[PDB]
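Listed next as structure tokens: two forms of one protein chain, kept apart as structure 1 and structure 2.
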Structure 1
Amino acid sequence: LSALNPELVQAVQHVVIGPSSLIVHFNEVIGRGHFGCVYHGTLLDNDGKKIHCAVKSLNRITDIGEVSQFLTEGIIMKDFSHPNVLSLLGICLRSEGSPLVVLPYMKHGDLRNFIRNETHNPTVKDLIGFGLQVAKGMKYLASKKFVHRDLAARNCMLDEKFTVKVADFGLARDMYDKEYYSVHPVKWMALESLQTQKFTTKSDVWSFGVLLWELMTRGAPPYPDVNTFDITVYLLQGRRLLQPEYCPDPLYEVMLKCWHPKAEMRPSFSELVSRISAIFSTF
């Protein structure tokens, strides 16, 4: 680590968690395998408050060029903070072992598994509230010109107060990468992204519309009968996800606006917050 550029070391200092500030519980995983090797940890703040965190070791980082790029990603993501976006608590640069990413612990795991869980019974109002929270998190990301590229219910998380956090971006990416011993998002993508492999805030709006559909169906898979290959033709014919049984008509109108074939015709996330907040307030 002494081979690191000193001005970059100075720049990342405010993101770095010293080893005496963090107690990593490498003996216990969070999500019992659902998220791979993500560990419980305890972070000590400056007042000695104990903070429950999720810790991941980044084994793909093997050389000093990759460590330096990682430091930079930490610097950038530390400036992203919003009630509905997963925050970065910090990073660890270890003398012994791969670097660590430290995030806030999410008591209720991912939003898709939460809504699919038969034991949980969120109301239509609660489901719309989750959608509004995601819209607020994306309004924040879009306001900083950050394009998510993989928005879906599986990629959002829930804390102990049931606050939704948009996740799976920056150092929280690769949320479901699992390591196997012997084994080797087209249905959320905007039509133009399927065609050009380019992503924008307007393609995140399309994905948000599919996430809204997931919320109102309590986590049903979209287009279950359509092969991923055939999705482009299906959308070009003007076919779209149908209105879920318990979805209010003005909310389905919002979903349809998200899937307009012309990206410029789709609402902005600011407009989505405006429209969904008014719908939410009728319940």
Structure 2
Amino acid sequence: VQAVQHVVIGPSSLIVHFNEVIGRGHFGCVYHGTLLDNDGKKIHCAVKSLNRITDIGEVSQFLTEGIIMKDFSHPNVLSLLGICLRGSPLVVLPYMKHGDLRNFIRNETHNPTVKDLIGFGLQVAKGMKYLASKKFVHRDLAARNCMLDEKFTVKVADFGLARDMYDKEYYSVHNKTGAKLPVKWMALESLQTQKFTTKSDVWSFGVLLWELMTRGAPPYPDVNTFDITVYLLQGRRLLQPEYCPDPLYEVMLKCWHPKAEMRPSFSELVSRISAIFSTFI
């Protein structure tokens, strides 16, 4: 079965600039690339290799699980330009001028305003509302996993064929299942059961909002990965950033409610954030 044949890129249509690495996932590196379009235009692109996973079964399972991203289409969701065969399964993605969202806001030479940062979080909410509408659970939402292109458009990434660990520091590897667990972004019920829902995506989105308002500060810097579960069980949460408006912090606190049902939907989040985005800050 090859439904991937509808997104296959011919080898003579893609040049991978192996001398230019723009990312390092556990499954392989990310390279600068040049893609020849349908209509004969040369576009800058990013090529993600999956050569680090070496098994025909584990290759094919990753492809059919991630090929669904070809059917997704939303301005705040990273798209799939195609895959190449040869060199081991290359995944061709659009190039994002400003890289991942967390690295952009952490760079001092950049001057994002408070309104810029709220707009970034609104864009993530819109992309997640689309994914939740398609009944797709992200399970690894974080600032490091969203991209920022030339037009200041945020793309929810790190899913489907783009799923990987690009920052090993924040992940724990469960020693029975293969699960890679981003401890300090996970909902409390996810730390307890290792199950993920759209409601646990809402929790992680709250942490991402907190990341934006601090311009990339690491969450819970004084709470080790063991004490985090009791810390959350005591009702303690991430504190309000100095330059986070009060209504935005209340949105964050709603995302971290102990009852997964009680948390707002992503559609409710888009409404509350865009309302905050359009008013005086």
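Just so we're on the same page, residue numbers count up from 1 along structure 1's sequence. For the two forms, the rigid core is made up of the largest set of C-alpha atoms that agree within 1.5 Å on superposition.
K.L.:
Just one of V67, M255, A54, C247 has a C-alpha that shifts by 2 Å or more between structures 1 and 2 on a rigid core fit; which is it?
P.N.:
Residue with a C-alpha shift of 2 Å or more: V67.
K.L.:
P222: CA shift of at least 2 Å between structures 1 and 2 after core fit?
P.N.:
The answer is no, as the C-alpha of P222 shifts between structures 1 and 2 by less than 2 Å after core alignment.
K.L.:
With both forms fit on the core, has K198 moved 2 Å or more by CA between structures 1 and 2?
P.N.:
Where the cores coincide, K198 shows only a C-alpha shift between structures 1 and 2 that is less than 2 Å.
K.L.:
Classify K178 as shifted (yes) or not shifted (no) between structures 1 and 2, where shifted means its C-alpha moves by 2 Å or more with the rigid core superposed.
P.N.:
Shift of 2 Å or more: yes.
K.L.:
Where the rigid core has been superposed, how far does the Cα of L43 end up moving between structures 1 and 2, given in Å?
P.N.:
That residue's C-alpha sits 1.6 Å away in the other form.
K.L.:
After lining up the core, report the Cα displacement of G31 between structures 1 and 2 in Å, one decimal place.
P.N.:
So the C-alpha of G31 has moved 5.4 Å between structures 1 and 2.
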